[PDB]
Amino acid sequence: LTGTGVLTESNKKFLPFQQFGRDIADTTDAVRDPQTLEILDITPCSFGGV
Amino acid sequence: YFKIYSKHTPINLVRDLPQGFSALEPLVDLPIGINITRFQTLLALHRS
Ligand SMILES: *[C@@H]1O[C@H](CO)[C@@H](O)[C@H](O)[C@H]1NC(C)=O
């Protein structure tokens, strides 16, 4: 699962059958690291109008 | 594909089904690949 976003430590608690979490637009906003089983929020990188 | 969803709930009602809400988490996804049209559950006898 590829993407680009800021990774932060997450307060969400995944059930053991869950690997990722989807938002309204079905983009992965939370993910479980497959080596150390911890949850990470994926806030997107900042977008601006110049 | 044989999907097992499971939930354990502490109940204390005597006879009928309890009235409430409890979502079943998926337990085992089992690779059998066979035709199933009829089933039968297994009980245990008590001998004395
Ligand atoms: C290796 O991955 C497993 C999950 O498949 C994890 O439980 C374990 O802690 C990992 N070990 C190391 C050394 O990363």
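Residues numbered from 1 in each chain as written, not as in the entry; some residues may be left out. Chains lettered and ligands numbered in written order. Part of a larger assembly, values for the part shown. Heavy atoms only, no water.

- Per the deposited record, determination of this structure is attributed to cryo-EM, with the resolution reported as 2.64 Å.

## Here's the deal with the sheet that holds strand β2 (residues 20-22) of chain A
Residues and elements named next belong to chain A.
So, point 1. Judged by pairing direction, the sheet is antiparallel, and its four strands sit side by side in the order β1-β4-β3-β2 without closing on themselves. A strand with exactly one partner marks an edge of an open sheet, and here the two such strands are β1 (6-9) and β2. Neighbouring strand axes in the sheet, compared pairwise and without regard to direction, differ in orientation by 25° on average.
So, point 2. With three bridges joining them, β2 and strand β3 (residues 28-32) adopt antiparallel strand pairing. Note on β3: the bridge partner recorded for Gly 21 is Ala 30. (Pairing = 2+ DSSP bridges. Helix = DSSP H or I, 4+ residues; strand = E, 2+ residues; numbered from the N terminus. Axes fitted to C-alpha atoms, helices over the stretch in contact; angles between N-to-C directions.)

## Let's talk about the layout of surface pockets
Residue and element names in this part refer to chain A.
So, point 1. Quantified by volume, the largest pocket comes out at close to 270 Å³.
So, point 2. When contributions to the lining of the largest pocket are tallied by element, the ones reaching two or more residues are β3 and β4 (39-43).
So, point 3. With three residues, the top contributor of residues to the lining of the largest pocket is β3.
So, point 4. Among the residues making up the lining of the largest pocket, the classes are represented as four nonpolar, seven polar and two charged. (1 Å grid on protein atoms, 1.4 Å probe; cavity = no way out; pocket = protein on both sides within 12 Å on 5 of 7 lines; lining within 4 Å. Points joined across faces, edges and corners; volume = space filled by probe spheres on them. Nonpolar A, V, L, I, M, F, W, Y, C, P; charged D, E, K, R; others polar.)

## Remarks on the pairing of β4(A)
Consecutive side chains along a regular strand alternate between the two faces of the sheet.
All names here are of chain A.
So, point 1. As paired strands, β1 and β4 are joined by four bridges and run antiparallel to one another. Each residue of the ladder has a partner; that of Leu 7, found in β4, is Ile 42.
So, point 2. Pairing analysis gives three bridges linking β3 to β4, with the strands arranged antiparallel. Bridge assignment links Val 31 to a residue of β4, and that residue is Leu 40.
So, point 3. The antiparallel pairing of β3 with β4 creates a hairpin that spans six residues between the two strands.

## Focus on the pattern of salt bridges
All names here are of chain A.
So, point 1. Summed over all chains, the structure comprises one salt bridge over all chains.
So, point 2. Between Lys 12 and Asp 29 there is a salt bridge whose closest N-O contact spans 3.9 Å. Pair noted here: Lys 12 is in the loop between β1 and β2 and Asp 29 is in strand β3, with a separation of 17 residues, a long-range link.
So, point 3. On the basis of relative accessibility, which here comes to 33%, the residue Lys 12 falls in the partly exposed class. (Salt bridge = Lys/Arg side-chain N within 4 Å of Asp/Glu carboxyl O. Buried < 20%, exposed > 50% of the residue type's maximum accessible area, 1.4 Å probe, protein only.)

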